[PDB]
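Notes for the one structure printed next.
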C-alpha cells in the first residue's frame, strides 16, 4: 500500500473491507501517507463499527 | 524514499552520495521498488567503491 499510494490519490475513495481488519488497515494506510485523505473515506454503517 | 518512488521515475538518474552509506541506501531503494532502475544508476569511480 506504500507503493499503492500513487493509485489512491482521489478526492473521494470508496472503501469496502472488514472492520475487524480495518482497525489495522486504516492505521497502515495512515502510515502509508494517506492520513490527510484518511478522514475522507466511505463505509456503510453496516460495514462500519 | 518509499513515498519518493513517484519522483524517481526516470530512464537515467544521477546519484551522488557516500559509498559507505550507499550500501545501506541502495538496498533501501531496492526495497522501495526501484530495483529495476537499480541497475541504471550513475556514480563516478571516485564515488564508487
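Residue numbers (the entry's author numbering), protein chains in the order written: chain B, 216 to 264; chain D, 216 to 264. Even for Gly, the Cβ is constructed at its ideal location relative to N, Cα and C.
Item: For residue 261 of chain D, the nearest candidate out of D:250, D:247 and D:230 (CA to CA); Value: D:230
Item: Test: residue 245 of chain D CB closer than 9 Å to a CB of chain B; Value: no
Item: Beta-bridge partners of residue 229 of chain D, as assigned by DSSP; Value: D:257
Item: Rounded Cβ spacing between residue 241 of chain D and residue 251 of chain D (contact assumed at less than 8 Å); Value: At roughly 13 Å, the Cβ-Cβ gap does not stay under 8 Å, so residue 241 of chain D and residue 251 of chain D are not in contact.
Item: Coil, strand or helix - residue 265 of chain B by DSSP; Value: With chain B running from 216 to 264 in the structure shown, residue 265 of chain B is simply not present.
Item: Cβ-Cβ distance between residue 217 of chain D and residue 248 of chain D below 9 Å; Value: yes
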